[PDB]
Ligand SMILES: CCc1cc(CCN)ccc1O
């Protein structure tokens, strides 16, 4: 998979993107890699913020689906026209597939001024695809139409660079062993967190709440995001671990702080393992949750949507999205006190940590 190593670029806080080609002849576009959504959507109009965009008129292979799509966010939104066309990944596998495409014609606060990407590759499952689950996501089309195996992996190295290995795993990208957590349900990449430690001390919370709503692995989000009750407990504990030196706003992400690592505790997430009563842990260094903007932003934040293991978390690990076996694997990244994946551990009643509809 040497063709696929170092195929991700980006800028700090602005996500990771892969080069893709759409239509015939091939239109080259940079596309944000997002494991937290399921739509393939590209700018299709000369928005001022964009370097290039999908020009459908230039494509003989384009087919209109005569239906619109509206994806609102808290921040803003995007809106487009659904169609299908030929898609390739230059630094990916030598195949071409007919995928669904959402041609973005109106957006608000979606594109970033100064970024170098023009679309989003939603890598999650049909269940959360818009308008509904019959809009087959990109990766599904890829698996269905080629011999490419049903899995991919990401190494995000924190401007930024990384690797998306489509159809497999490259062992030169991690050290130690891969450890696997089950995908709880195929919609987002939903996993179950069963224990949290700060430095070495348990938060002693009912584990149901580490997953309140849900917990997900999402390369489109920057921060480590935690449910409100959890974040509260987590911050109070990181405070106590480093009360050697800060304003209340710094923790809420309302202001930066400037200057020194060792006063800051490591963070451990134990994740449900493959075997009954067995877990494993991932450990993140404060080099991950204190992001340079020497002024740092606190890259942990509260959430109303559950835990989000964003790029902050993923940047220390090689993460295997093993769709075929409904699991996600973690190993120490070859590009990351040192970040760690260890096991096995004994954890009882792990199923109770899942929150139910
Ligand atoms: C990097 C910031 C960013 C992230 C996402 C992913 C959200 N599912 C979408 C648009 C955007 O500008």
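Going by Swiss-Prot, the residues shown for chain A are 60-217, 230-316, 318-331, 337-370, 379-421, 427-447, listed in order.
Including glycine, each Cβ sits where the backbone N, Cα and C put it.
Within the list 168, 285, 310, 411, the entry that Swiss-Prot describes as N6-acetyllysine is 285. Swiss-Prot marks one residue of 203, 299 with the annotation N6-acetyllysine, and that residue is 299.
275 is the residue among 136, 275 that Swiss-Prot describes as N6-acetyllysine. Proximity to ligand 1 (Cβ under 6 Å from any of its atoms) holds for these recorded positions out of 93, 275, 279: 93. Restricting the recorded positions 93, 279, 299, 300 to those with a CA within 10 Å of the CA of residue 289 (active site) leaves 93, listed by sequence position. In this structure, residue 443 (disulfide bond) is part of a helix by DSSP. Candidates 93, 216, 380, 443 (recorded positions) were compared with residue 279 (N6-acetyllysine); those inside 10 Å Cα-Cα are 443.
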